[PDB]
Structures are given as structure tokens and as C-alpha cells.
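There is one chain below, alone, in C-alpha cells, taken in the form deposited in one PDB entry.
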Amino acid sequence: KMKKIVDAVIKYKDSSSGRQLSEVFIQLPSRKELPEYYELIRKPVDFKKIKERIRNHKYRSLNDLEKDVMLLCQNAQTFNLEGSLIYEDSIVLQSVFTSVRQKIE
């Protein structure tokens, strides 16, 4: 299941450096930096967090992961509004994620 998860993630990577719009959700600031985020969202997760975790075999089910991803998108919209770069990025991502997802299914 592991393989599948890795293969699925690796498969979908932008460029060799891994740069893309989601790059905004790769690294999470500090609490201090953004205490609001902490209060607003109980737990901001980023791509590194997932990546790091899975490294140790944290996840085992694709549902779990998917859920996380979907959740992350929402969390961003909760904080962000319409009419912004972030908003745009969240739509694109979702679209792309859906496609992978659909396929994979």
C-alpha cells in the first residue's frame, strides 16, 4: 500500500525540484509568525509534515492520506478568501488532485 502511496506521490511531482503552486503549503511558518493560523486552524499540516511522517511509515492507507490532502485545501480556503493567488492555487490543486484521484480509483 506503501508502494502505491509513494508511487502516487512521486508520480505527481512537479519538475525535478518539486516546485509548484502547492509549494505554499510545503512549509509551515511558526506559530509566532502566524498565531492566528493556530487559533483559526487547529493544526496546520504541510507537505513536509506528511512527507516526513510517511517516511517512517506513518500512513498506511491511501484514504488517510487523501483525506489529509483534501483537508489541507479546505483549511487554506477557510483562512484565505476569494480573489487571491492562494485561492487560485487551491482551485488548481483540487482540479489536479481530482483527476489523479479519479484515475487512481
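Start at 1 with the first residue shown and count on from there.
The next section is about a form of this same protein that is not shown, the form solved in complex with a small molecule.
Of the heavy atoms in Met70, none are within 4.5 Å of the small molecule in the deposited complex. Put simply, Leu21 is far from the small molecule in the deposited complex: not one heavy atom of it is within 4.5 Å.
In the deposited complex, the small molecule sits beyond 4.5 Å of every heavy atom of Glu66. Contact check for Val45: a non-hydrogen atom falls within 4.5 Å of the small molecule in the deposited complex. Here the marked residues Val96, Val100 and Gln102 all miss the small molecule in the deposited complex; none has a heavy atom within 4.5 angstroms.
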